[PDB]
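Working notes for the structure below.
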Amino acid sequence: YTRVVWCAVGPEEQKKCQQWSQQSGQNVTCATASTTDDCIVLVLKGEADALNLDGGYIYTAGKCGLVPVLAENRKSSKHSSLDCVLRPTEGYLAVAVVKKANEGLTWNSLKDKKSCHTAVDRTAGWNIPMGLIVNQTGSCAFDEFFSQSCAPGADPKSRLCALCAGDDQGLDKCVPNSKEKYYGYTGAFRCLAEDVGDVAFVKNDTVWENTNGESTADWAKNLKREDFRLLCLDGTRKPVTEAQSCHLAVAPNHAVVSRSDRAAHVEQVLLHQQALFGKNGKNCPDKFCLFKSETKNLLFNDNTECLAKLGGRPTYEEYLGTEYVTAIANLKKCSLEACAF
Ligand SMILES: *[C@@H]1O[C@H](CO)[C@@H](O[C@@H]2O[C@H](CO)[C@@H](O[C@H]3O[C@H](CO)[C@@H](O[C@@H]4O[C@H](CO)[C@@H](O)[C@H](O)[C@@H]4O)[C@H](O)[C@@H]3O)[C@H](O)[C@H]2NC(C)=O)[C@H](O)[C@H]1NC(C)=O
Ligand SMILES: *[C@@H]1O[C@H](CO)[C@@H](O[C@@H]2O[C@H](CO)[C@@H](O[C@@H]3O[C@H](CO)[C@@H](O)[C@H](O)[C@@H]3O)[C@H](O)[C@H]2NC(C)=O)[C@H](O)[C@H]1NC(C)=O
Ligand SMILES: OC[C@H]1O[C@@H](OC[C@H]2O[C@H](OC[C@@]3(O)O[C@H](CO)[C@@H](O)[C@@H]3O)[C@H](O)[C@@H](O)[C@@H]2O)[C@H](O)[C@@H](O)[C@H]1O
Ligand SMILES: *[C@@H]1O[C@H](CO)[C@@H](O)[C@H](O)[C@H]1NC(C)=O
Ligand SMILES: [Fe+3]
Ligand SMILES: [Zn+2]
Ligand SMILES: [Zn+2]
């Protein structure tokens, strides 16, 4: 009923979910899975109700009948008067980041280099860059393009996982959850920051949130914006201040999905949960903040201002957009009446 079971990916998200559960009086409860895909499955079975997903998984989930309910909304500049929950979503910029000291490394010389991806199947870390690379190469062997990488979710024995490090014990190497050191936006960027990889496929925001004192995490403490460069599709290199003219694409924001028969109810519970634990929430920062977790982006991205209502009750195809939807279809022809489970 007004009770919602959230699906947590990995033990760290489980921990944050439990706090949220404790503070919600149990209006929100938790289920945990090792992978986002397993979480998709728990929702289909009806053992969990919702979770926040990157666009790539929204695509997987959509083919299986799950729908967009509310989307992450971060601070903008245009469309000022509108409240956050009513304001349109902008989408983030997918970028390719390199070290400035690594001269002569451009989009046109990425072959045989070392890469850092958020996870297999994600928008900025995989779908966009690999779709572009397959497109340009005219060959479905994206697994041979880079010499070594860390792409959580690929075969641990393959070169796509050679750069991944697992947890502090060396266990769970390449798993697509935060236990993997170089998982997600922050992980992929850390992979580049520590010179494990030559390039990182992350979003524009990740660079800003983890440099010039914004992080304080020990690996990011001393990172400086000028030491990084974005790779543009025209073979050029630009400062990270130029993301508007040097991105690989703009991605649809992450969004909360659920089985359609449960959407209306998940929507009403969440809107109330954010009134309590959101940005200007009754109990944040006092008791619990839904959008905080110190640069780890647990359950939701840390830069989320609020969860917004979607305009025009969009299907997953409309929400992702035709442009992005055909990009994925074309890449998956390498790896359509579907649903993977
Ligand atoms: C690439 O991604 C970066 C990071 O997301 C984008 O830069 C961000 O732009 C925001 C708006 O477009 C900036 O937020 C506004 O609101 C706050 C409050 O008014 C301003 O100051 C903040 O103060 C708090 C202190 O409590 C700090 O937490 C913030 O760091 C900031 O100092 C801010 O000046 C601005 O008016 C936001 O600050 C900014 N983020 C950072 C880390 O600088 C960037 O636009 C984007 N590029 C493109 C092309 O999209
Ligand atoms: C990989 O290559 C494929 C195939 O060339 C790319 O797909 C193509 O994408 C374009 C742009 O999305 C599609 O064109 C669009 O057509 C509509 C209809 O007129 C129009 O409104 C848009 O303005 C645009 O012109 C095109 O149909 C599609 N081609 C095929 C065969 O699917 C794909 O984008 C490439 N991958 C990446 C990541 O770019
Ligand atoms: O979530 C962010 C992404 O949304 C994707 O689909 C959802 C979103 O986008 C549509 O598109 C373009 C446009 O209307 O959005 C803004 C302001 O929101 C503009 O810049 C545009 O005019 C749709 O019409 C929206 O209602 C919806 O919220 C989309 O594929 C991505 O581009 C990105 O916006
Ligand atoms: C839990 O749900 C009830 C039913 O709407 C609501 O009245 C109450 O405020 C909620 N409590 C918390 C802590 O969210
Ligand atoms: Fe993403
Ligand atoms: Zn563009
Ligand atoms: Zn529609």
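Residue numbering restarts at 1 in every chain; chains get A, B, ... in the order shown in the structure tokens, and ligands count up from 1 in that same order.
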
task = Compile the contact shell of residue A:265 as a PyMOL selection string: residues with an atom at most 9 Å away, counting only C-alpha atoms, same-chain residues fewer than 2 positions apart removed.
result = chain A and resi 1-4+261-263+267-270

Listing only residues of chain A within 9 Å of ligand 7, what is the closest atom pair and its distance in Å (to one decimal) for each, using only C-alpha atoms and all ligand atoms, sorted by chain and residue number ascending, as a Markdown table?
```
| residue | atom | partner | partner_atom_place_in_ligand_line | distance |
| --- | --- | --- | --- | --- |
| A:312 | CA | ligand 7 | 1 (Zn) | 6.1 |
| A:313 | CA | ligand 7 | 1 (Zn) | 6.1 |
| A:314 | CA | ligand 7 | 1 (Zn) | 4.7 |
| A:315 | CA | ligand 7 | 1 (Zn) | 5.9 |
| A:317 | CA | ligand 7 | 1 (Zn) | 8.8 |
| A:318 | CA | ligand 7 | 1 (Zn) | 6.4 |
| A:319 | CA | ligand 7 | 1 (Zn) | 8.7 |
```

With N, CA, C and O atoms retained, write the just-selected residues as a PDB file, in the first residue's frame.
```
ATOM      1  N   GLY A 312       4.029  14.986 -19.678  1.00  0.00           N
ATOM      2  CA  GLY A 312       3.423  14.243 -20.773  1.00  0.00           C
ATOM      3  C   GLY A 312       3.399  12.734 -20.577  1.00  0.00           C
ATOM      4  O   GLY A 312       3.454  11.987 -21.558  1.00  0.00           O
ATOM      5  N   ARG A 313       3.310  12.287 -19.326  1.00  0.00           N
ATOM      6  CA  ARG A 313       3.290  10.863 -19.006  1.00  0.00           C
ATOM      7  C   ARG A 313       3.997  10.022 -20.062  1.00  0.00           C
ATOM      8  O   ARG A 313       3.386   9.208 -20.747  1.00  0.00           O
ATOM      9  N   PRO A 314       5.319  10.175 -20.172  1.00  0.00           N
ATOM     10  CA  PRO A 314       6.124   9.452 -21.151  1.00  0.00           C
ATOM     11  C   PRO A 314       6.340   7.959 -20.946  1.00  0.00           C
ATOM     12  O   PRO A 314       6.387   7.463 -19.817  1.00  0.00           O
ATOM     13  N   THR A 315       6.440   7.248 -22.064  1.00  0.00           N
ATOM     14  CA  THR A 315       6.736   5.832 -22.028  1.00  0.00           C
ATOM     15  C   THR A 315       8.247   5.869 -21.912  1.00  0.00           C
ATOM     16  O   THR A 315       8.847   6.946 -21.994  1.00  0.00           O
ATOM     17  N   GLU A 317      10.418   4.867 -24.035  1.00  0.00           N
ATOM     18  CA  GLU A 317      11.021   5.256 -25.308  1.00  0.00           C
ATOM     19  C   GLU A 317      10.994   6.769 -25.471  1.00  0.00           C
ATOM     20  O   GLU A 317      11.956   7.360 -25.970  1.00  0.00           O
ATOM     21  N   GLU A 318       9.900   7.392 -25.044  1.00  0.00           N
ATOM     22  CA  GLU A 318       9.766   8.841 -25.136  1.00  0.00           C
ATOM     23  C   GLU A 318      10.655   9.513 -24.113  1.00  0.00           C
ATOM     24  O   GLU A 318      11.214  10.580 -24.368  1.00  0.00           O
ATOM     25  N   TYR A 319      10.757   8.874 -22.974  1.00  0.00           N
ATOM     26  CA  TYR A 319      11.568   9.472 -21.940  1.00  0.00           C
ATOM     27  C   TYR A 319      13.037   9.433 -22.309  1.00  0.00           C
ATOM     28  O   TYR A 319      13.825  10.286 -21.883  1.00  0.00           O
TER      29      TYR A 319
END
```

message = Can you pull out every residue with an atom within 9 Å of ligand 4? Use only C-alpha atoms and all ligand atoms and format it as a list in words.
response = residues 2, 3, 22, 23, 24, 25, 26, 27, 28, 269, 272, 273 and 276 of chain A

Could you take the residues named above and write them with N, CA and C atoms, as a JSON list (two decimals), in the first residue's frame?
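Listing of again-v2.json after writing:
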```json
[["chain", "number", "residue", "atom", "x", "y", "z"],
["A", 2, "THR", "N", 0.80, 2.09, 1.02],
["A", 2, "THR", "CA", 1.67, 3.26, 1.02],
["A", 2, "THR", "C", 3.10, 2.81, 1.36],
["A", 3, "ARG", "N", 3.26, 1.50, 1.53],
["A", 3, "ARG", "CA", 4.55, 0.87, 1.83],
["A", 3, "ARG", "C", 5.26, 0.55, 0.52],
["A", 22, "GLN", "N", 14.59, 3.23, 8.48],
["A", 22, "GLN", "CA", 14.46, 3.52, 9.90],
["A", 22, "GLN", "C", 13.78, 4.87, 10.13],
["A", 23, "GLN", "N", 14.26, 5.89, 9.42],
["A", 23, "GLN", "CA", 13.71, 7.23, 9.55],
["A", 23, "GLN", "C", 12.33, 7.43, 8.92],
["A", 24, "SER", "N", 11.93, 6.53, 8.03],
["A", 24, "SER", "CA", 10.64, 6.66, 7.36],
["A", 24, "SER", "C", 9.49, 6.00, 8.13],
["A", 25, "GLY", "N", 9.81, 5.39, 9.27],
["A", 25, "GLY", "CA", 8.77, 4.73, 10.05],
["A", 25, "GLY", "C", 8.34, 3.48, 9.31],
["A", 26, "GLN", "N", 9.19, 3.09, 8.37],
["A", 26, "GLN", "CA", 8.91, 1.89, 7.62],
["A", 26, "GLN", "C", 7.96, 2.09, 6.46],
["A", 27, "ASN", "N", 7.86, 3.32, 5.97],
["A", 27, "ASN", "CA", 6.95, 3.60, 4.88],
["A", 27, "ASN", "C", 7.73, 3.14, 3.67],
["A", 28, "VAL", "N", 9.05, 3.11, 3.82],
["A", 28, "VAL", "CA", 9.93, 2.61, 2.77],
["A", 28, "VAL", "C", 10.70, 1.45, 3.40],
["A", 269, "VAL", "N", 4.32, 8.11, -2.61],
["A", 269, "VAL", "CA", 5.16, 7.89, -1.44],
["A", 269, "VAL", "C", 6.45, 8.70, -1.56],
["A", 272, "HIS", "N", 6.37, 12.43, -0.99],
["A", 272, "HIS", "CA", 6.28, 12.75, 0.43],
["A", 272, "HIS", "C", 7.62, 12.49, 1.11],
["A", 273, "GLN", "N", 8.34, 11.47, 0.66],
["A", 273, "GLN", "CA", 9.63, 11.16, 1.26],
["A", 273, "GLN", "C", 10.61, 12.29, 0.99],
["A", 276, "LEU", "N", 10.25, 15.29, 3.21],
["A", 276, "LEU", "CA", 10.85, 15.05, 4.51],
["A", 276, "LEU", "C", 12.37, 14.97, 4.52]]
```

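Shortest atom-to-atom contact with ligand 5 among A:124, A:243, A:299, A:64: A:124, counting only C-alpha atoms and all ligand atoms.
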
Given 10 Å and only C-alpha atoms and all ligand atoms, residues near ligand 6 as a PyMOL selection string = chain A and resi 93-94+243-251

Selected residues, C-alpha atoms, written as a PDB file, in the first residue's frame, please.
```
ATOM      1  CA  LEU A  93      26.770  15.708 -20.728  1.00  0.00           C
ATOM      2  CA  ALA A  94      28.643  12.503 -21.471  1.00  0.00           C
ATOM      3  CA  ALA A 243      31.890  20.824 -21.773  1.00  0.00           C
ATOM      4  CA  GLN A 244      29.088  22.624 -23.670  1.00  0.00           C
ATOM      5  CA  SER A 245      31.160  22.422 -26.873  1.00  0.00           C
ATOM      6  CA  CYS A 246      33.108  19.213 -26.203  1.00  0.00           C
ATOM      7  CA  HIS A 247      30.835  16.320 -25.160  1.00  0.00           C
ATOM      8  CA  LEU A 248      30.037  12.986 -26.793  1.00  0.00           C
ATOM      9  CA  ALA A 249      26.280  13.465 -26.288  1.00  0.00           C
ATOM     10  CA  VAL A 250      23.706  14.645 -23.765  1.00  0.00           C
ATOM     11  CA  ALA A 251      22.150  11.902 -21.678  1.00  0.00           C
TER      12      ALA A 251
END
```

key: Residue with smallest distance to residue A:98 - pool A:114, A:16, A:122, A:159, counting only C-alpha atoms   = A:114

task = Name the residues of stretch 110-231 of chain A that fall into alpha helix (DSSP H) according to DSSP on the backbone, using the chain letters and numbers of this document, as an NGL selection string.
result = :A and (128-137 or 142-145 or 184-193 or 204-209)

Go ahead and save the residues from that selection, with N, CA and C atoms, as a PDB file, in the first residue's frame.
```
ATOM      1  N   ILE A 128      27.168   5.271 -25.019  1.00  0.00           N
ATOM      2  CA  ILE A 128      27.577   6.354 -25.902  1.00  0.00           C
ATOM      3  C   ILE A 128      28.980   6.156 -26.492  1.00  0.00           C
ATOM      4  N   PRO A 129      30.022   6.072 -25.652  1.00  0.00           N
ATOM      5  CA  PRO A 129      31.358   5.893 -26.229  1.00  0.00           C
ATOM      6  C   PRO A 129      31.574   4.641 -27.077  1.00  0.00           C
ATOM      7  N   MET A 130      31.063   3.497 -26.630  1.00  0.00           N
ATOM      8  CA  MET A 130      31.224   2.257 -27.393  1.00  0.00           C
ATOM      9  C   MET A 130      30.354   2.231 -28.655  1.00  0.00           C
ATOM     10  N   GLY A 131      29.238   2.950 -28.618  1.00  0.00           N
ATOM     11  CA  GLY A 131      28.374   3.013 -29.781  1.00  0.00           C
ATOM     12  C   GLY A 131      29.076   3.846 -30.842  1.00  0.00           C
ATOM     13  N   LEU A 132      29.763   4.893 -30.390  1.00  0.00           N
ATOM     14  CA  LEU A 132      30.498   5.774 -31.281  1.00  0.00           C
ATOM     15  C   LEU A 132      31.704   5.042 -31.860  1.00  0.00           C
ATOM     16  N   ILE A 133      32.375   4.254 -31.028  1.00  0.00           N
ATOM     17  CA  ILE A 133      33.551   3.508 -31.452  1.00  0.00           C
ATOM     18  C   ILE A 133      33.200   2.397 -32.437  1.00  0.00           C
ATOM     19  N   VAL A 134      32.086   1.701 -32.213  1.00  0.00           N
ATOM     20  CA  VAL A 134      31.656   0.635 -33.126  1.00  0.00           C
ATOM     21  C   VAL A 134      31.280   1.273 -34.468  1.00  0.00           C
ATOM     22  N   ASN A 135      30.544   2.380 -34.381  1.00  0.00           N
ATOM     23  CA  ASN A 135      30.067   3.190 -35.510  1.00  0.00           C
ATOM     24  C   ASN A 135      31.300   3.520 -36.400  1.00  0.00           C
ATOM     25  N   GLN A 136      32.288   4.190 -35.800  1.00  0.00           N
ATOM     26  CA  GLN A 136      33.521   4.613 -36.480  1.00  0.00           C
ATOM     27  C   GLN A 136      34.457   3.511 -36.958  1.00  0.00           C
ATOM     28  N   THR A 137      34.452   2.396 -36.244  1.00  0.00           N
ATOM     29  CA  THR A 137      35.303   1.261 -36.562  1.00  0.00           C
ATOM     30  C   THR A 137      34.654   0.285 -37.539  1.00  0.00           C
ATOM     31  N   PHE A 142      34.291  -4.365 -29.841  1.00  0.00           N
ATOM     32  CA  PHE A 142      34.627  -3.285 -28.927  1.00  0.00           C
ATOM     33  C   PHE A 142      35.469  -3.815 -27.767  1.00  0.00           C
ATOM     34  N   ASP A 143      35.534  -5.138 -27.657  1.00  0.00           N
ATOM     35  CA  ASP A 143      36.286  -5.804 -26.604  1.00  0.00           C
ATOM     36  C   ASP A 143      37.766  -5.927 -26.947  1.00  0.00           C
ATOM     37  N   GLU A 144      38.138  -5.474 -28.140  1.00  0.00           N
ATOM     38  CA  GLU A 144      39.529  -5.531 -28.594  1.00  0.00           C
ATOM     39  C   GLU A 144      40.092  -4.133 -28.846  1.00  0.00           C
ATOM     40  N   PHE A 145      39.218  -3.129 -28.821  1.00  0.00           N
ATOM     41  CA  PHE A 145      39.632  -1.751 -29.063  1.00  0.00           C
ATOM     42  C   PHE A 145      40.646  -1.215 -28.051  1.00  0.00           C
ATOM     43  N   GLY A 184      31.030   2.897 -11.258  1.00  0.00           N
ATOM     44  CA  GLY A 184      30.294   4.146 -11.372  1.00  0.00           C
ATOM     45  C   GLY A 184      31.085   5.388 -11.749  1.00  0.00           C
ATOM     46  N   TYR A 185      30.406   6.532 -11.724  1.00  0.00           N
ATOM     47  CA  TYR A 185      31.016   7.810 -12.071  1.00  0.00           C
ATOM     48  C   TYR A 185      32.279   8.107 -11.278  1.00  0.00           C
ATOM     49  N   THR A 186      32.155   8.053  -9.960  1.00  0.00           N
ATOM     50  CA  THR A 186      33.284   8.328  -9.087  1.00  0.00           C
ATOM     51  C   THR A 186      34.417   7.310  -9.257  1.00  0.00           C
ATOM     52  N   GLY A 187      34.059   6.035  -9.387  1.00  0.00           N
ATOM     53  CA  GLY A 187      35.060   4.995  -9.565  1.00  0.00           C
ATOM     54  C   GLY A 187      35.843   5.131 -10.858  1.00  0.00           C
ATOM     55  N   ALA A 188      35.137   5.345 -11.964  1.00  0.00           N
ATOM     56  CA  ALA A 188      35.777   5.498 -13.266  1.00  0.00           C
ATOM     57  C   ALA A 188      36.702   6.711 -13.264  1.00  0.00           C
ATOM     58  N   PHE A 189      36.274   7.786 -12.618  1.00  0.00           N
ATOM     59  CA  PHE A 189      37.106   8.972 -12.572  1.00  0.00           C
ATOM     60  C   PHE A 189      38.335   8.729 -11.688  1.00  0.00           C
ATOM     61  N   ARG A 190      38.166   7.944 -10.626  1.00  0.00           N
ATOM     62  CA  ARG A 190      39.274   7.630  -9.727  1.00  0.00           C
ATOM     63  C   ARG A 190      40.302   6.776 -10.468  1.00  0.00           C
ATOM     64  N   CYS A 191      39.802   5.948 -11.373  1.00  0.00           N
ATOM     65  CA  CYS A 191      40.604   5.055 -12.183  1.00  0.00           C
ATOM     66  C   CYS A 191      41.548   5.869 -13.080  1.00  0.00           C
ATOM     67  N   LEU A 192      41.075   7.025 -13.526  1.00  0.00           N
ATOM     68  CA  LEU A 192      41.871   7.909 -14.361  1.00  0.00           C
ATOM     69  C   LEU A 192      42.783   8.749 -13.467  1.00  0.00           C
ATOM     70  N   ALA A 193      42.230   9.246 -12.367  1.00  0.00           N
ATOM     71  CA  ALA A 193      42.977  10.066 -11.433  1.00  0.00           C
ATOM     72  C   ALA A 193      44.209   9.362 -10.864  1.00  0.00           C
ATOM     73  N   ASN A 204      30.075  15.281 -17.262  1.00  0.00           N
ATOM     74  CA  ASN A 204      30.715  16.568 -16.962  1.00  0.00           C
ATOM     75  C   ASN A 204      30.798  16.874 -15.472  1.00  0.00           C
ATOM     76  N   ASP A 205      29.690  16.661 -14.771  1.00  0.00           N
ATOM     77  CA  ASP A 205      29.609  16.922 -13.337  1.00  0.00           C
ATOM     78  C   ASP A 205      30.635  16.206 -12.467  1.00  0.00           C
ATOM     79  N   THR A 206      30.922  14.957 -12.803  1.00  0.00           N
ATOM     80  CA  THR A 206      31.872  14.153 -12.055  1.00  0.00           C
ATOM     81  C   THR A 206      33.249  14.815 -11.911  1.00  0.00           C
ATOM     82  N   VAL A 207      33.700  15.473 -12.971  1.00  0.00           N
ATOM     83  CA  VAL A 207      34.987  16.153 -12.964  1.00  0.00           C
ATOM     84  C   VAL A 207      34.991  17.295 -11.941  1.00  0.00           C
ATOM     85  N   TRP A 208      33.927  18.093 -11.937  1.00  0.00           N
ATOM     86  CA  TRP A 208      33.811  19.221 -11.023  1.00  0.00           C
ATOM     87  C   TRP A 208      33.624  18.828  -9.560  1.00  0.00           C
ATOM     88  N   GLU A 209      32.858  17.772  -9.316  1.00  0.00           N
ATOM     89  CA  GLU A 209      32.588  17.317  -7.961  1.00  0.00           C
ATOM     90  C   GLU A 209      33.771  16.669  -7.263  1.00  0.00           C
TER      91      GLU A 209
END
```

request  = Grab me every residue within 8 Å of ligand 5, counting only C-alpha atoms and all ligand atoms, and send it over as a VMD selection string.
outcome  = chain A and resid 53 to 56 122 to 125 185 202 to 203 251 253 to 254

Counting only C-alpha atoms, what are the residues of stretch 36-117 of chain A within 12 Å of stretch 325-335 of chain A, and for each of them which pair of atoms is the nearest and at what distance in Å, to one decimal? Sort the table by chain and rising number, as CSV.
```
residue,atom,partner,partner_atom,distance
A:55,CA,A:325,CA,9.7
A:56,CA,A:328,CA,8.0
A:57,CA,A:328,CA,10.8
A:58,CA,A:325,CA,10.5
A:59,CA,A:325,CA,7.8
A:60,CA,A:328,CA,10.1
A:62,CA,A:325,CA,11.1
A:63,CA,A:325,CA,11.6
```

Selection to disk with C-alpha atoms, as a PDB file, in the first residue's frame:
```
ATOM      1  CA  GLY A  55      19.249   5.492 -18.860  1.00  0.00           C
ATOM      2  CA  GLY A  56      20.925   2.363 -20.185  1.00  0.00           C
ATOM      3  CA  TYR A  57      19.117   0.215 -17.634  1.00  0.00           C
ATOM      4  CA  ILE A  58      15.904   2.191 -18.152  1.00  0.00           C
ATOM      5  CA  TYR A  59      16.099   0.741 -21.643  1.00  0.00           C
ATOM      6  CA  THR A  60      16.526  -2.825 -20.377  1.00  0.00           C
ATOM      7  CA  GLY A  62      11.444  -0.739 -20.389  1.00  0.00           C
ATOM      8  CA  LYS A  63      11.534  -3.751 -22.696  1.00  0.00           C
TER       9      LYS A  63
END
```

Closest atom pairs, residues of chain A within 8 Å of ligand 3, only C-alpha atoms and all ligand atoms, as JSON lines:
```
{"residue": "A:71", "atom": "CA", "partner": "ligand 3", "partner_atom_place_in_ligand_line": "1 (O)", "distance": 6.3}
{"residue": "A:72", "atom": "CA", "partner": "ligand 3", "partner_atom_place_in_ligand_line": "1 (O)", "distance": 7.2}
{"residue": "A:73", "atom": "CA", "partner": "ligand 3", "partner_atom_place_in_ligand_line": "1 (O)", "distance": 7.6}
{"residue": "A:87", "atom": "CA", "partner": "ligand 3", "partner_atom_place_in_ligand_line": "18 (O)", "distance": 7.2}
{"residue": "A:88", "atom": "CA", "partner": "ligand 3", "partner_atom_place_in_ligand_line": "18 (O)", "distance": 3.6}
{"residue": "A:89", "atom": "CA", "partner": "ligand 3", "partner_atom_place_in_ligand_line": "18 (O)", "distance": 4.0}
{"residue": "A:90", "atom": "CA", "partner": "ligand 3", "partner_atom_place_in_ligand_line": "34 (O)", "distance": 4.1}
{"residue": "A:91", "atom": "CA", "partner": "ligand 3", "partner_atom_place_in_ligand_line": "2 (C)", "distance": 3.5}
{"residue": "A:92", "atom": "CA", "partner": "ligand 3", "partner_atom_place_in_ligand_line": "2 (C)", "distance": 7.0}
{"residue": "A:250", "atom": "CA", "partner": "ligand 3", "partner_atom_place_in_ligand_line": "32 (O)", "distance": 6.1}
{"residue": "A:251", "atom": "CA", "partner": "ligand 3", "partner_atom_place_in_ligand_line": "31 (C)", "distance": 5.5}
{"residue": "A:252", "atom": "CA", "partner": "ligand 3", "partner_atom_place_in_ligand_line": "3 (C)", "distance": 3.1}
{"residue": "A:253", "atom": "CA", "partner": "ligand 3", "partner_atom_place_in_ligand_line": "1 (O)", "distance": 3.6}
{"residue": "A:254", "atom": "CA", "partner": "ligand 3", "partner_atom_place_in_ligand_line": "1 (O)", "distance": 6.6}
{"residue": "A:255", "atom": "CA", "partner": "ligand 3", "partner_atom_place_in_ligand_line": "1 (O)", "distance": 7.5}
{"residue": "A:310", "atom": "CA", "partner": "ligand 3", "partner_atom_place_in_ligand_line": "28 (O)", "distance": 5.5}
{"residue": "A:311", "atom": "CA", "partner": "ligand 3", "partner_atom_place_in_ligand_line": "26 (O)", "distance": 4.7}
{"residue": "A:312", "atom": "CA", "partner": "ligand 3", "partner_atom_place_in_ligand_line": "26 (O)", "distance": 6.7}
{"residue": "A:318", "atom": "CA", "partner": "ligand 3", "partner_atom_place_in_ligand_line": "6 (O)", "distance": 6.5}
{"residue": "A:319", "atom": "CA", "partner": "ligand 3", "partner_atom_place_in_ligand_line": "6 (O)", "distance": 4.0}
{"residue": "A:320", "atom": "CA", "partner": "ligand 3", "partner_atom_place_in_ligand_line": "30 (O)", "distance": 4.5}
{"residue": "A:321", "atom": "CA", "partner": "ligand 3", "partner_atom_place_in_ligand_line": "30 (O)", "distance": 4.2}
{"residue": "A:322", "atom": "CA", "partner": "ligand 3", "partner_atom_place_in_ligand_line": "30 (O)", "distance": 7.7}
{"residue": "A:323", "atom": "CA", "partner": "ligand 3", "partner_atom_place_in_ligand_line": "30 (O)", "distance": 7.6}
{"residue": "A:324", "atom": "CA", "partner": "ligand 3", "partner_atom_place_in_ligand_line": "30 (O)", "distance": 6.9}
```

ask   = Got a sec: who's within 10 Å of residue A:222, counting only C-alpha atoms, leaving out chain neighbours fewer than 3 positions off, as JSON, numbers by chain?
value = {"A": [210, 211, 212, 213, 214, 215, 216, 217, 218, 219]}

request  = Between A:289, A:258, A:86, A:149, single out the one closest to residue A:46, counting only C-alpha atoms.
outcome  =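 Nearest to residue A:46: A:258.
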
query = Between A:171, A:69, A:140, A:196, which one has atoms that come closest to ligand 2, using only C-alpha atoms and all ligand atoms?
reply = A:140

inquiry  = I'd like to know which residues of stretch 85-332 of chain A are strand (DSSP E or B) (by DSSP, run on the backbone); could you write them as a ChimeraX atom specification?
reply    = /A:92-99,114-117,148-150,199-203,228-231,237-238,249-251,255-259,306-309

key: Residue with smallest distance to ligand 2 - pool A:18, A:127, A:5, A:77, counting only C-alpha atoms and all ligand atoms   =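 Checking each candidate against ligand 2, we get A:127 as the closest.
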